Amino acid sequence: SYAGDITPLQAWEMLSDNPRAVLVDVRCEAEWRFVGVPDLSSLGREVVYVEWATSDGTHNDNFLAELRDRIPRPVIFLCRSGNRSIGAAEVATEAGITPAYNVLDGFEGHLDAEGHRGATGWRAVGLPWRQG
């Protein structure tokens, strides 16, 4: 039902090929603040921030209303590790905000053998990001 899963580099490529494509960071405010965020300044646009889950881990029941308010064709959804963003992509799709894509591996990726993230995901592949 949602348009597809794309890897972090594919997401960057899609944004770079489509001036009206939108990156929606759906992580909670605590992750934006303490972990960091993608940086689209080199593409002359802003990231759209709408929490899927709030920082207590529970769903933002105003997500759709906020999403429709805050966007800006392709709309690309980014979570911590690529999994909870599928729900956001499905909500976008059902709202006719399409094509809606999910970023595999997310911003931080999976927990590796040492109990560390930063192995896969947006930052691991060095796509533009900032935490100050």
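For every residue, the number given is its place in the sequence shown, counted from 1.
A.B. asks: Would you class the number of unmodelled deposited residues between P72 and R73 as none, 1 to 3, 4 to 9, or 10 or more?
C.D. replies: 4 to 9 residues lack coordinates between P72 and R73.
A.B. asks: Of the two stretches 63 to 71 and 91 to 99, which shows the higher Cα B-factor on average in the entry?
C.D. replies: The stretch with the larger mean CA B-factor is 63 to 71.
A.B. asks: Of the two stretches 42 to 50 and 101 to 109, which shows the higher Cα B-factor on average in the entry?
C.D. replies: It is 42 to 50 that shows the higher mean C-alpha B-factor.
A.B. asks: Taking only the Cα B-factors deposited for this chain, tell me whether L9 sits in the lowest, middle or highest third.
C.D. replies: For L9, the deposited C-alpha B-factor lands in the lowest third.
A.B. asks: What third of its chain, lowest, middle or highest, does the C-alpha temperature factor of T58 fall into?
C.D. replies: Highest third.
A.B. asks: What third of its chain, lowest, middle or highest, does the C-alpha temperature factor of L23 fall into?
C.D. replies: It belongs to the lowest third of the chain when residues are ordered by C-alpha B-factor.
A.B. asks: Considering every modelled residue of the chain and its Cα B-factor in the PDB entry, is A3 in the lowest, middle or highest third?
C.D. replies: Top third by C-alpha B-factor.
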